[PDB]
Each structure stands twice: as structure tokens, then as C-alpha cells.
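Here the structure is laid out as C-alpha cells; the discussion comes afterwards.
Number of protein chains: 2
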Amino acid sequence: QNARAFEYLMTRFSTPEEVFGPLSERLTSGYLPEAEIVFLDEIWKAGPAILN
Amino acid sequence: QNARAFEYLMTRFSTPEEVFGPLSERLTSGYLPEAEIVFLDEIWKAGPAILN
Numbered sequence: 064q065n066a067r068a069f070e071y072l073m074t075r076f077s078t079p080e081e082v083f084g085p086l087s098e099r100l101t102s103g104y105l106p107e108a109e110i111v112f113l114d115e116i117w118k119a120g121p122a123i124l125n
Numbered sequence: 064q065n066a067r068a069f070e071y072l073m074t075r076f077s078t079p080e081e082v083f084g085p086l087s098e099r100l101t102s103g104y105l106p107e108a109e110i111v112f113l114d115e116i117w118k119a120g121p122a123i124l125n
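Chains as they are written, first to last, in PDB author numbering: chain A, 64 to 87, 98 to 125; chain B, 64 to 87, 98 to 125.
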């Protein structure tokens, strides 16, 4: 009944401020911490900060 | 009868605030969300936030 989708493509130069939300304390309105179903395309090419 | 154009050149340091309009909630007056035909030159060099 209440589910929010999230489509994102992981790149080689992707930053955590564009997946979970940029900070100002972090503007995470509609991203990953408040999403029922998340989609991450091409996960075998992300950075070390997003993997941790 | 009612169509708006949009010409923009994607650079290596382009930000989504200059393509989809800057935020204040987002000043999208004549940019991409309200445009019938959009033109993006050199799309093979944009950032990860604009491509997603």
C-alpha cells in the first residue's frame, strides 16, 4: 500500500551524495533510507565508499 | 502549437542545477520537466547525477 521505488545506475565515479541523498542533516527525501524497494544497476563498478 | 525548445551542451563538469533548473521547490521555469523538445549535445561526457 505504501511503497516507494528507486532506480539508480551505479557508475565508476558515483558518489554517496547522489544515492542516499546529499547533506546540508542529510536531505534523504525519497532516496534509499526511506524506500521500500531500491534498484541498483551494475553494482560491480561502484566506489569503496558506497560498498561500505 | 505549444512546444518549447531547450539547447544545452553537456560538459565534463556539468551540474544538474543548470539543466533541470536550480532549486530554492525547484525553479524549473523553461528547462527540461516542462519542455516538449530537448537538445543535449555531446552526451558521452556528462556526470553520473545527470545520467541517472
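We treat Cβ as the ideally placed atom computed from N, Cα and C, and that holds for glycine.
Indicate whether at least one CB of chain A lies closer than 8 Å to the CB of residue i.
i	result
B:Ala119	no
B:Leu124	yes
Are any of the Cβ atoms in chain B nearer than 8 Å to that of residue i?
i	result
A:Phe83	no
A:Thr101	no
A:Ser87	no
residue 57 of chain A	Any question about residue 57 of chain A goes unanswered here, given that chain A covers just 64 to 125.
A:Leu72	yes
Taking the DSSP output, what are the residues bridged to residue i?
i	result
A:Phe112	A:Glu70
A:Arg99	A:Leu86
Please tell me whether residue i and residue j are closer than 8 Å, where the distance is taken between their beta carbons.
i	j	result
A:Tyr104	A:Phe83	yes
A:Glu80	A:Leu72	no
A:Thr78	A:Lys118	no
Which term fits residue i, buried or exposed, when burial requires 16 or more other beta carbons within 10 angstroms of its beta carbon?
i	result
B:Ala122	buried
Does the pairing of the segment 64-78 of chain A with the segment 100-111 of chain A give three or more beta-carbon distances under 8 Å? Yes: at least three Cβ pairs fall under 8 Å.
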